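A quick note on method: Cβ atoms are made from the backbone with ideal geometry, for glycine too, and the neighbour counts reach across all protein chains shown. Only the coordinates and a few stated rules stand behind these numbers; no lab work does.
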Amino acid sequence: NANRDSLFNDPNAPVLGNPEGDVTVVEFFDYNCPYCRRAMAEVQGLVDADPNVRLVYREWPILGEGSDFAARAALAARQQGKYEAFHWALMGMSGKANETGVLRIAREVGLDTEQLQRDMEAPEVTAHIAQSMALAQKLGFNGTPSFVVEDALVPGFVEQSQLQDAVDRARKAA
């Protein structure tokens, strides 16, 4: 119903993996969160192993101004068709996601940073982040990373095998 629609069918939330996969995994994350950076390889692994998983992203910058810059920049990269590449590059970076580091990585992935910085001001960017905060509060998430796997809430770091187990259980229950 409505809960499901807000979580899984929001057009302003990036979709990775298989857009018609039968299990949706939602991740709430911050580019400066050590466990988010650790979760990147687990989530990539899941997506590589299971071609029937849809992956929905909630940018939830909570670790300060650098994190906010990174989340805005990433959402702005959608306008240049480079969200996914930019997300992986940020989440895999060495050192802090702050204005200078984010902009460096943006160049590396081939973004026009003058356009990126214009697009960072867009009200849809603000709307996404505000909704991530609201959804996090609704679901009882106290920080990042937190996951939803279909009907299940998984509010913490998990390995790929644990994500896969959650996905498999969701399919069994469907």
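Listed values, structure above:
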read-out	value
Per-residue ³J(HN,Hα) for the range 134-143, Karplus 6.51 cos²θ - 1.76 cosθ + 1.60, θ = phi - 60°, Hz, x for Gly and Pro	5, 5, 4, 5, 4, 8, x, 7, 9, x
Length added when fully stretched, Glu159-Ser6, from 0.36 nm per residue minus Cα-Cα	52.5 nm
Helical contribution to [θ] at 222 nm, DSSP H n ≥ 4, -39,500 (n - 2.57), averaged over the chain, rounded to 500	-16000 deg cm²/dmol
³J(HN,Hα) computed for each position of the range 14-27 - Karplus, 6.51 cos²θ - 1.76 cosθ + 1.60, integer Hz, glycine/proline x	x, 10, 10, x, 8, x, 10, x, 8, 10, 9, 10, 9, 10
Computed over the chain: relative contact order in percent, which uses C-alpha pairs under 8 Å that are six or more apart	29 percent
The chain: most fluctuating residue of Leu139, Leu116, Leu163 per GNM, C-alpha cutoff 10 Å	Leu139
Shape box of the chain [Cα atoms, principal axes, largest first, Å]	48, 30, 29
Angle between the chain longest axis and helix 65-76 axis [Cα atoms, degrees, rounded to 10]	80 degrees
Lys/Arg +1, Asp/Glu -1 at C-beta; the chain dipole; positive extreme among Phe69, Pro123, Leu55	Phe69
Kirkwood-based Rg to Rh ratio, the range 73-174, C-alpha trace	1.04
Two-site FRET efficiency, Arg169 against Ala127, from Cβ-Cβ distance with R₀ of 41 Å, rounded to 0.05	0.80
Point-charge dipole on Cβ atoms (K/R +1, D/E -1) for the chain, about Cα centre, debye to 20	180 debye
Within a Gaussian network of the chain (alpha carbon springs, distance under 10 Å), most fluctuating of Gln160, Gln131, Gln115	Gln115
Neighbourhood charge, 10 Å Cβ-Cβ cut-off, centred on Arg4 and excluding it, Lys, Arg +1 and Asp, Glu -1	-3
